[PDB]
């Protein structure tokens, strides 16, 4: 069973407190990450819902997916994963401004597509792909996290949905902003978020960095009147990668490619470097 009994995890350094929980470094058969959920004590029905969502996590066994290791309840709800040695892509790109060579940028994109292709092959929609939950383990291996607990994060009363929106807006497909079309969360909305990660890798920037006001971003992207400025792509970005990024970012979701195609395009342009 995957529940870790209380008393076994030792909590260490606080890594950061986001919209939905706080991550600590921990000790449990070695280094681990422990994400304490920022939520009210669950009801019996909610506790079962939480365990059912852990069922989704358990479907993932792939080197580009952050390794689920266990969960806690009786201290308070928590998800335990491996500890990644290194930083998130957000930290590299936008905080410490690591200067990756293009070959490495493409390899990070390739591994991220590899993990997303695996998730979609297991019928998992990520729903919140973004660079601060893509980790570069040992500066080599991409690990994708923060897809766990979909109903917990989006449906439970008091799950900080307003703060989650602020933290996700830059990666959010126009139809997820509006929530009006049928099944707004889809493989294709994950593709759009991945296109924004491609924009981050290939420009070094967050999209819309000339628009100070998140409130204009949400309205203008949701109305179909704003999209990332691909003229910011670096001069050494392969044309085929710029073309792929534009496809993933299409406003009309039915026009975006899915990850087998994305992965194949990236593998091809990586050989052609």
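Positions refer to the first chain, counted from 1.
- For the segment pair 234 to 242 and 53 to 61, the entry gives 234 to 242 the higher mean B-factor, averaged over Cα atoms.
- In this crystal structure, the stretch out of 67 to 75 and 85 to 93 whose C-alpha atoms carry the higher mean B factor is 67 to 75.
- Based on the entry's C-alpha B-factors, the most elevated value among 26, 222, 207, 42 belongs to 42.
- Looking only at 98, 111, 186, 157, the residue with the top Cα B factor in the deposited structure is 98.
- Placement of the Cα temperature factor of residue 215 within the chain: highest third of the modelled residues, per the deposited record.
- The entry lists a Cα temperature factor for residue 121 that places it in the middle third of the chain's modelled residues.
- Residue 181: CA B factor in the highest third of modelled residues in this chain (values from the PDB entry).
- The PDB entry assigns residue 133 a C-alpha temperature factor belonging to the middle third of its chain's modelled residues.
- Split the chain's modelled residues into thirds by C-alpha temperature factor. Residue 13 is in the lowest one.
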